[PDB]
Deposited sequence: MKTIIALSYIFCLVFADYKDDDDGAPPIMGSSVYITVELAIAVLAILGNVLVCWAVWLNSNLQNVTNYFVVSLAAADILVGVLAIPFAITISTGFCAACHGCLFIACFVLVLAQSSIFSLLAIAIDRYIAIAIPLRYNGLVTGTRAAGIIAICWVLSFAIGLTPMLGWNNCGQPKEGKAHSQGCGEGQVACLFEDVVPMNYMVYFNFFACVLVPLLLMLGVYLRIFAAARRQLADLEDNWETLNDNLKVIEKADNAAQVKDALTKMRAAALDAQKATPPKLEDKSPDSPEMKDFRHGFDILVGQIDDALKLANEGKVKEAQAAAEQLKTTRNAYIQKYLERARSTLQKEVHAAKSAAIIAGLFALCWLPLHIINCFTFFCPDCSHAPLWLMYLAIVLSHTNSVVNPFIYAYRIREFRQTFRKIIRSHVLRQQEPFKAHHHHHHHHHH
């Protein structure tokens, strides 16, 4: 069948993908620019991500279309249009790796997060990572290429000029770079680091929610113990434990009542302890019952406001992990095909239709991030609606 027929489907699909990558990711950047609530360090790596996805539809996809033709070109010039998408894919990994780290710092040390993780530093890291993306993505241009052994039978068959080659990806980029350097070192290892960072985010979250439920139990159980105690020493024991678990939880209009609610609580425990150390066992049990009023007015509201925040931090970590995981679902096929081309020379090269299919799959990854934000993030969804209603409609 004529090559232009199959090539037309691939090109139409690529262009259709390009439009969707530019539209959806320009919509993300427009939301982060307008909504002040969306302006945080975590969302500055999202804009770096969206920028990389914008450049895929504007440059990487046009470049991919160009190299599918095998047009005659200067080898190093063809080497650039073959390696530019590696820069964009490398930038996406750095951002994906920074979001995972930023979400870990947020849940592992929320108190020193505002000073440690600032916007000006996020900008310096984004700039640093973008430069390194060009260094890593264009390494073949520094010498690790196949321009020293061009297929001159292929170049002559296509009427190429002196110093030109038939611009094909696997003919100018060595496969040991794509497998050992790009896939294993620069794509796989970083994705494994993310997997481990997300394992520690969720581990730190399950632990903290449980430890807050342990204090909530240690208080009420010690209150029940006092309501059934018999002497002043028992009461003094159940209060010594409660004071430890109270100050332990202490560690805005809401933070003012949160600090007042614990002053009352810890103070009321001091009230009962003095009586327990004075031999008054009845007056101590009565003073401890006033904690039941502080509990149903301050403590139970704090426990639930802290439980909700930990849940909101887990929801966001999951949303971030769905973005890095879908990056693997889209890029692993094309990487796994390169491994078969590289590791098994006795295997038939994957057919051209599977290459196209794997190539367009890697490009659909630049369309899906705006959908995860709109689906899994309430603030992004609302801001997308505002832009669509006010400007696009």
property	result
Parts of the chain sequence, as deposited, that carry no C-alpha coordinates in this structure	1 to 24, 276 to 287, 430 to 447
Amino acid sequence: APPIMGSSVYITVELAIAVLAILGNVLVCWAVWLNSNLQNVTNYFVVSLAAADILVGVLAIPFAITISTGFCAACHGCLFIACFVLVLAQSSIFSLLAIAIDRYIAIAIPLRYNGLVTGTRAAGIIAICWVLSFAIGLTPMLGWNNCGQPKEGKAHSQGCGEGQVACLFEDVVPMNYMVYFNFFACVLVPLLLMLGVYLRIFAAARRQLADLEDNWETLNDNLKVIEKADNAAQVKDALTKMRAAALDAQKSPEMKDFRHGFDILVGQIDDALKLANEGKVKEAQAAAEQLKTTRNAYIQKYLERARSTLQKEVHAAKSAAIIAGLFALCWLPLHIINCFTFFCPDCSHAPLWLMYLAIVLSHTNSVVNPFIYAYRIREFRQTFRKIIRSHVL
From here on, numbers count along this sequence of modelled residues.
{"query": "18 to 26 versus 376 to 384 - which carries the larger mean C-alpha B factor in the record", "finding": "376 to 384"}
{"query": "Average Cα temperature factor in the PDB entry - higher stretch of 184 to 192, 232 to 240", "finding": "232 to 240"}
{"query": "Per the PDB entry, maximal CA B factor within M175, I81, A246, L142", "finding": "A246"}
{"query": "Deposited CA B-factor, highest of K312, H76, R103, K292", "finding": "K292"}
{"query": "Chain third (lowest, middle, highest) by recorded CA B-factor, residue given as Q149", "finding": "middle"}
{"query": "Position of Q90 among the chain's modelled residues by C-alpha B-factor, lowest, middle or highest third", "finding": "lowest"}
{"query": "Where the record places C160 (Cα B-factor, split into thirds across the chain)", "finding": "middle"}
{"query": "Among modelled residues of the same chain, the CA temperature factor third for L212", "finding": "highest"}
{"query": "Ranked C-alpha temperature factor of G279 among modelled chain residues, by third", "finding": "highest"}
